[PDB]
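In what follows, a structure is listed as structure tokens, so that the remarks can point back to it.
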Amino acid sequence: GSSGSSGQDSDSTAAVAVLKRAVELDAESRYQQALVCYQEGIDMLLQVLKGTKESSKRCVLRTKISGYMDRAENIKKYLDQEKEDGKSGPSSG
């Protein structure tokens, strides 16, 4: 190929991007964003893996998905609590 961000497009691709972006957000402390992103990819990968006979790819994939699921969770689990933690509104929330 050639060093240049122009091409590269596919199904799982979107996941690669979404996933990538997620990481960033995660590093930006924007878990609320890195979460969905992470989920957006996982969901995408899931379908990818589902359609992956490769005994290897599956490993990697399954390793990526899950690897992106744990984080997402930890986040969500932290987001759900961070939500109510808000302790700021008209009444409850």
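A compact table of results
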| quantity | calculated |
| --- | --- |
| For the chain, average projected area of the Cα convex hull in nm² | 8.0 nm² |
| Nearest-ten-degree value, helix 11-27 long axis tilted from longest Cα axis of the chain | 40 degrees |
| Between region 59-83 and region 1-54, the alpha-carbon center distance in angstrom | 13 Å |
| Principal-axis tilt of helix 55-85 within the chain, Cα atoms, nearest 10 degrees | 10 degrees |
| Farthest toward positive dipole pole in the chain [+1 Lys/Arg, -1 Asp/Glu at C-beta], among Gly4, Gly86, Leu61 | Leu61 |
| Point-charge dipole on Cβ atoms (K/R +1, D/E -1) for the chain, about Cα centre, debye to 20 | 340 debye |
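Each value in this text was obtained by applying a stated rule to the coordinates, not by laboratory testing. All Cβ positions, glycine included, derive from the backbone under ideal geometry; neighbour counts span all protein chains shown.
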